[PDB]
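Below is one structure, written out as structure tokens, with a few remarks after it.
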Amino acid sequence: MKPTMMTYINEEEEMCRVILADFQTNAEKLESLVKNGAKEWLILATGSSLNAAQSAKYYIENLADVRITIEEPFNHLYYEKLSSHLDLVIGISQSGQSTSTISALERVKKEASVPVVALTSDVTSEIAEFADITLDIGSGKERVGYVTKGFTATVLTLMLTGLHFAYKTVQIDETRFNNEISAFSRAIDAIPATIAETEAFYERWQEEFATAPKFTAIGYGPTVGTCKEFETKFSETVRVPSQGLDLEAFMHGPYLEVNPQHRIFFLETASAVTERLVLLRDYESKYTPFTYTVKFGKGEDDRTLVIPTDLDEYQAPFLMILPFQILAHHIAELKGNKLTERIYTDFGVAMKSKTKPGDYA
Amino acid sequence: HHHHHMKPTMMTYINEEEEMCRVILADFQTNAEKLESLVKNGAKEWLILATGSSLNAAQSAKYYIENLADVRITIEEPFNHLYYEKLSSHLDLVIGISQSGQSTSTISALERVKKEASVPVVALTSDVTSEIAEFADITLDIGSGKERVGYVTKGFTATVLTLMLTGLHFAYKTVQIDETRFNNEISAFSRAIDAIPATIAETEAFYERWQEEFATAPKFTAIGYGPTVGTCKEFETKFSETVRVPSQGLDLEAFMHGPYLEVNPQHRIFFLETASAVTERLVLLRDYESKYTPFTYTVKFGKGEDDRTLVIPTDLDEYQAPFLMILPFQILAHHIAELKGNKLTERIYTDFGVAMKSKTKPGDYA
């Protein structure tokens, strides 16, 4: 039997337990390159790796004295200038085989003396050549190309690395450090219940998904990274048009597209701007009956998928993606998309975007 | 006087672009000087705060400006910026852009910058008397006048041109390009403006040739790279608002890390082709996807391979290209929307901006 996305989703709980138990050693490796701190970071990543970076960015910036810029690497190589104020560069590629990410790091290594870290699931892959250190996201080899556990591993590894960096640079104290670890431990404990809740939600609403012509996920701040990975996952698997959007970006064009067949997910986190999400959900629910909320802790009705733990908005993207990983798989299979039958398998090599054929079952 | 049958349409405003651009070109040195008065010691790090079509305009002009001047431009969504971003210690200039000047996100993000930092702030808008002007040191007019259709066309074009010409003048004034280059750039934009009517006509011919392929299109994609990613984002905004089927503007290489797996034989895919270091990558992708959807099209300058290419009849380089490369899509958005029966003069969701707290006032729409 070939693995499926569910194979890997079911492996996330233990994988994250291990990452949380062992994160200080990778963080120490990174810290040793920037012993006086590193105020300005550049992350070079594409696809789910870029979405992972976007998902972790504000958690890191909230705790550490750090500003993170995230750039698509092909664009970066050919069109961007390097900042003279850069203190650390991180390249992220789960496979370590995306040519754009590799090539962008090579350019940074050739042009600047800034420390370069690679983050990957295969520390012997091609990306390692152009980094001072190469760190392991802790996923192992994921043999389904519609990445689930590897995305989650990247997000958690980034967050915990930033957490430790904040502590080592004396931006937070031991109590805050430990309380953050406790939050992640509780979230990991909630993974099976989160899977169960998503199963229940899917079973309840499956008739609304079978012929849905369009999906949209709306988030804000940290959860824009979750919306981008929703987009990537749904596009690749469900294969109907799917969009992940910032709440306020939505208000300057996308709202005009809404029709009564749109299926729209609202990602709700506790924040200074939640009232704006509530206004928009109430408004759009008048025009489409196919609205859903994903949120933490509390729920009000059966159109809300309640993740049974509490995370703050910065931590939230670690677990907020999980329901969507599952829904992408289940809705794709419902539509008859047969996800173990691979498609466009010659593309990465033909297009010069991958060093090798995908190592997928 | 409201006359229901005499309302302006997207075509009204498209048809005003040529004359509007002549006037912008005539007068560009004045706005540029106003900006330059705020950054006399130089300005290497710029932040542009803008949303929607204003953001897409910034993205469309960014690499033109960076190619001529030793400047780095960061473009940020203003709501997100206000609530989630830190300011760089190294920022030299902030530009807020809003065509109406009434987008609360952009206004509030500038307010934060005015309250927290001493960095000069410029606002670019069609209405210099609007709310955005409160939170800028100087407020510059994009030169469009009042556009009373929500699906902006001329205003978008005015913003891209105003940004490019401002950056051109900045580069020349600061002795980063020579007089020959400065004058050659003005001539390139003048030729492009003069090519607007022919570009309209070519787009009409292309639309007439392929309209049957657009009528029942369920998904559109536009693919670009470097400068033309801005054009792709404005394609996405315009098509989503008017044609109202899922419409995506994508970077060439980003397409290769997820979107390619969505392709099916109903996808209508536009390839934006400019001369560049990376055009061979676009050729590879077009040839590959043409095996899996029959609905492929190219938009390019100068000359074209076949009748599935829309040929914009002037010579613009890749950095200048986004000024004119949007024009065919503005026309196509209109025409395809109307073909689909979408009745664009019938306003929709008109309570939204005020109810959602994203606009300070109702839209001034015909």
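Order-wise, the sequence lines are chains A and B. First residue of the first sequence: 46, per the numbering used here; consecutive thereafter. First residue of the second sequence: 97, per the numbering used here; consecutive thereafter. By construction, the Cβ of each residue, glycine as well, lies at the ideal position given by its N, Cα and C atoms.
The straight-line gap separating the alpha-carbon atoms of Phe311 (chain A) and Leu183 (chain B) is approximately 28 Å. Using a Cβ-Cβ distance cut-off of 8 Å, the segment 153-172 of chain A and the segment 380-392 of chain A are not in contact, since fewer than three pairs of beta carbons, one from each stretch, lie closer than that value. Cβ-Cβ distances below 7 Å link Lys140 (chain B) to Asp166, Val167, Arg168 and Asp188 in the same chain, with the five nearest sequence neighbours on each side left out; the list follows chain order. Across the structure, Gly342 (chain A) and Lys194 (chain A) are spaced so that their CA atoms are roughly 23 Å apart. Residue state for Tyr388 (chain B) is assigned as coil, using DSSP reduced to three classes. By the rule that beta-carbons nearer than 9 Å mark a contact, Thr389 (chain B) does not touch chain A. For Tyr123 (chain A), the chain B residues whose C-beta falls within less than 7 Å of its own C-beta are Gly322, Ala373 and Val374, listed in chain order.
Contacts between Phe119 (chain A) and chain B, judged by CB atoms closer than 9 Å, involve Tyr321, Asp347, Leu348, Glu349, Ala350, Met352, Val374 and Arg377 in chain order.
Contact check for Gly326 (chain B) against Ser156 (chain B) passes: the beta carbons are separated by less than 9 Å.
Sixteen is the threshold: since fewer than 16 other Cβ atoms of the shown chains lie within 10 Å of the Cβ of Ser129 (chain A), the residue is exposed. A Cβ-Cβ separation of about 7 Å places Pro390 (chain B) in contact with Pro361 (chain B) under the 8 Å criterion.
Judged by DSSP secondary structure, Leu368 (chain B) falls within the beta strand (DSSP E) whose first and last residues are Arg364 to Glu369. Between the alpha carbons of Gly266 (chain A) and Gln360 (chain A) lies a distance of about 11 Å.
By the criterion of a C-beta distance shorter than 7 Å, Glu106 (chain A) is surrounded in its chain by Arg112 and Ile113, once the five residues flanking it on both sides are discounted. The beta-carbon of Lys194 (chain A) is placed no less than 9 Å from the nearest beta-carbon of chain B. When Cβ-Cβ separations below 9 Å define contact, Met452 (chain B) makes contact with chain A.
If only uninterrupted alpha helix (DSSP H) runs of at least 4 residues are considered, those enclosed by the segment 295-346 of chain B are 324-338.
The contact set of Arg404 (chain B) on chain A, defined by CB atoms closer than 8 Å, is empty, because the minimum CB distance reaches about 21 Å. Scanning the segment 317-372 of chain A for uninterrupted beta strand (DSSP E) segments of 3 residues or longer gives 336-341 and 349-352, listed from N- to C-terminal end. Residues of the segment 205-219 of chain A with a C-beta less than 8 Å from any C-beta of chain B: none at all. A direct Cα-Cα distance of roughly 32 Å separates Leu301 (chain A) from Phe119 (chain A).
Distance between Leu348 (chain B) and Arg244 (chain B), taken at the CA atoms: about 34 Å.
Burial of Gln195 (chain B) is indicated by the presence of at least 16 other C-beta atoms within 10 angstroms of its C-beta.
Going by DSSP, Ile144 (chain B) is part of the beta strand (DSSP E) stretching over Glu141 to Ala146.
Secondary structure note for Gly207 (chain A): its alpha helix (DSSP H) is the uninterrupted segment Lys194 to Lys213. Selection A:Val134, A:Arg321, A:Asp355 and A:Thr91 evaluated against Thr277 (chain A) yields A:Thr91 as nearest (Cα-Cα).
Under the three-state reduction of DSSP, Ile233 (chain A) is assigned to helix.
At a cut-off of 9 Å between beta carbons, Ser283 (chain B) makes no contact with chain A.
In terms of beta-carbon proximity, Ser170 (chain A) stays away from the interface with chain B, with every pair separated by 9 Å or more.
Counting of Cβ neighbours within 10 angstroms places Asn71 (chain A) among the buried residues, the total reaching 16 or more.
Out of A:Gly185, A:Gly190, A:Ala228 and A:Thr179, the CA that lies nearest to the CA of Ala198 (chain A) is found in A:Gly185. DSSP lists A:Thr165 as the beta-bridge partner residues of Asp181 (chain A).
By the Cβ rule, the segment 60-80 of chain A does not count as touching the segment 242-257 of chain A, because fewer than three pairs are nearer than 8 Å. When Cβ pairs closer than 8 Å are counted between the two stretches, the segment 234-243 of chain A is seen to touch the segment 366-377 of chain A, the count reaching three or more.
Cβ-Cβ distances below 6 Å link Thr214 (chain A) to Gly82 in the same chain, with the five nearest sequence neighbours on each side left out; the list follows chain order. As far as DSSP is concerned, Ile273 (chain B) takes part in no beta bridge.
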